[PDB]
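*Asks:* The structure's right below; bear with me while I get my questions together.
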Amino acid sequence: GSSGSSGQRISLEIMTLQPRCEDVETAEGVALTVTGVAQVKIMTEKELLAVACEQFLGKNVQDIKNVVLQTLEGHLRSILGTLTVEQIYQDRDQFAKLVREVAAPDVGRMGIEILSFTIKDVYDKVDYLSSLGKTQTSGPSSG
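So the sequence shown is numbered by the deposited numbering: it starts at 1 and just counts up by one.
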């Protein structure tokens with residue numbers, strides 16, 4: 001599946017990058033699939049934005065979105081590794097907050113600022129959890 005969009009100029013407009021990762025064994029050791037969804041945009045410098053401008057000048061829109069997307073993406077995995085399969089689902093809103101909180105002060109190196117970070121869908125390709133199907137059960141007790 002190839003892409004095709006007319007445009008021979010940088011697109012300052014806000015860029016929508018979805019930091020998704022597959023086959024990322026959680027803290028315990030369970031590979032999960034997180035789509036993730038975050039928005040980003042180019043930053044301006046009243047002085048000189050040659051740090052991001054020259055870094056995007058000449059390249060192709062796709063390239064840019066990739067570079068930026070990578071920064072966030074990578075982080076996700078790192079934050080997903082230290083986080084188990086529970087902590088994640090339990091408080092997803094937080095998980096994303098970390099990926100953005102850790103990448104926020106990072107993208108500032110290239111010249112990009114993050115707007116927001118959220119989670120789209122988190123499923124397990126190995127269908128491990130599903131198979132287990134967590135359900136309320138009953139059990140006997142002595143006293």
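Ideal Cβ placement from N, Cα and C applies to all residues, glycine included.
1) List in chain order: all unbroken beta strand (DSSP E) runs of 3+ residues lying wholly within the segment 11 to 97.
2) Can you grab the Cα-Cα spacing for the pair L83 / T35, in whole Å?
3) Take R77 and list the residues in its own chain whose beta-carbon comes closer than 8 Å to its own, dropping the five residues that flank it on each side.
4) Quick one: using the 10 Å Cβ neighbour count with 16 as the cut-off for buried, is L32 buried or exposed?
5) Give me the Cα-Cα distance between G1 and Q62, rounded to the nearest whole angstrom.
6) Mapping the DSSP letters down to three states, classify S131 as helix, strand or coil.
7) Assuming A103 and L72 make a contact with CB atoms under 8 Å, what is their CB distance in whole Å?
8) Are the C-beta of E28 and some C-beta of chain C separated by less than 7 Å?
9) Kindly indicate which three-state DSSP category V99 falls into: helix, strand or coil?
10) For the segment 102 to 118 and the segment 37 to 52, state whether three or more C-beta atom pairs, one from each stretch, are separated by less than 8 Å.
11) Hey, quick one: how far does the beta strand (DSSP E) through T118 stretch, first residue to last?
*Replies:* According to the structure data:
1) 15 to 17, 21 to 25, 31 to 34, 37 to 42
2) 16 Å
3) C21, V24
4) buried
5) 15 Å
6) helix
7) 5 Å
8) Of the protein chains in the structure, only one exists, and it is not chain C.
9) helix
10) yes
11) 112 to 118
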